[PDB]
């Protein structure tokens, strides 16, 4: 079997494929956990078609998913999650939705004065996200992202610092050639030879780096016959199932990537559409009708000799 919750894996690689096909270099970095948490929480407050579209994309109703996601980010000092609902005093939040918010790790419901202090709100939200991401995401919301007409913002932030159980030796990192879509480039490659999980399937190859506190990092190489191929859920599951102890001479580049995203367009292509229109049914959130205008998402990941440290945040901006 796979090491990932099935519906979550399907959801992740579904969106990942669309994201990868939309960029010219196939380069993408995001947090399925963060986006799924935000979408799941919204689904918990959504009705009729608005809810069915979300449950179809997620492949499940929110309850079991959110419970699983919560467990995935608790019990360790190596990671932390925070979910907050920033809302106008003009919007009364239903007790049941408040309950959904409070069930999330380090959660909160806060008042925001969008109407007369939009920049104050942007500053407050960005500072909260910055704190939650250990300073890795200092400006989730770009200038002008918070307008006077907004009435609520749902945010989720994630920080995780995986520590390799067997770190790469610093003196062994040396320059090598990496074939990028923009040509060959000399970059630093970390080297380590050790027994670790290895798997091959349909031309794909994968190894798994072991880390502390239940964290693991799979690294996949597509077939040389299609260096631009993107993995599918059935493929990764097969790799997990075939993964076996193997002495591997690993050469992995040290790298860091940060990417900001506006997800409404891709989410709509993925099936979620009503949520982004005035026809949205979020009556589970408030008696005051709200809908999602934009969905902001930023992710950052650094991989070096000591481990993998990443941060991500998602913001669903709502209007009346």
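Residue numbers count along the first chain shown, from 1.
- The PDB entry records a higher mean C-alpha B factor for 253 to 261 than for its counterpart among 253 to 261 and 33 to 41.
- Here the stretch with the larger average CA B-factor, out of 106 to 114 and 144 to 152, is 144 to 152.
- Within the group 82, 210, 122, 94, the record's highest C-alpha temperature factor is found at 122.
- Per the deposited coordinates, the residue with the largest Cα temperature factor out of 70, 293, 281, 27 is 293.
- When all modelled residues of the chain are sorted by CA temperature factor, residue 21 is found within the highest third.
- In the PDB entry, a CA B factor belonging to the highest third of its chain's modelled residues is recorded for residue 234.
- The PDB entry assigns residue 245 a C-alpha temperature factor belonging to the highest third of its chain's modelled residues.
- When the modelled residues of the chain are ordered by their C-alpha B factor, residue 48 lands in the middle third.
- When all modelled residues of the chain are sorted by CA temperature factor, residue 172 is found within the highest third.
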